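The chain below stands alone, shown as structure tokens; this is the form deposited in one PDB entry.
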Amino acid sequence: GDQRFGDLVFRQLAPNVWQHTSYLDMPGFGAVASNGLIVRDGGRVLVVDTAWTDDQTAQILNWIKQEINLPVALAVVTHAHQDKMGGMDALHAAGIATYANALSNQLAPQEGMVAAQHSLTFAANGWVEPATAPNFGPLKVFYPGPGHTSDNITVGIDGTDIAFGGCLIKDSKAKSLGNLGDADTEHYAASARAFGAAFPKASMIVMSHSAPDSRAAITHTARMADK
């Protein structure tokens, strides 16, 4: 299943969907995996999240060229931390249009990230304002509320059973939500449940720091945020 391509790993999840995985030695935590997505929509490719670094992100684009060989129309990144936004400059160097929550772009400089070119804004109910996500094809973008960070967003893939929780969701047997340094501890639990309710038919939950899991990942995350 897994395909090793340099120091990255790619796994097909559905006919038009792949998970990209990249690793960063975080002193004190080991070599930490981070997952994002690659989606083919007809004659173009859409990317969810960068890798940790520009070099790794360029390797994602090289893998796309080899395995899909269609242009990358856009990328959307799911919050202003390095695992999701660390490779922005590589996307820009490649000419790819980039999108993030407006709040992620606001936070990017202080978090050490390069901002995306375009800002997404969200309705009161959490769904992206459609004019801010033009030409997103099957990507359905949802702001569940503050949790892992104030800016975290999530993405469903229409035509599949897949929803991507990014760093908000941990798998059903995880033991910790992380260090919570940037987390909204008051609202985290509600935000996790809101993600599940926004994508109620998704049976494959993809997330940044666990392999894909069933919907049990959402309720386990939500219970731990209760603490």
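Between two forms, the rigid core is defined as the largest C-alpha subset superposing within 1.5 Å. The first residue of the shown sequence is 1; numbering continues from there.
What comes next is about the form deposited in another entry, which is not displayed.
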item	value
Shift of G43 between this form and the one not shown at or above 2 Å (CA, core fit)	no
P200 C-alpha moves between this form and the one not shown by 2 Å or more, core aligned	no
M26 C-alpha relocation of at least 2 Å between this form and the one not shown, rigid core basis	yes
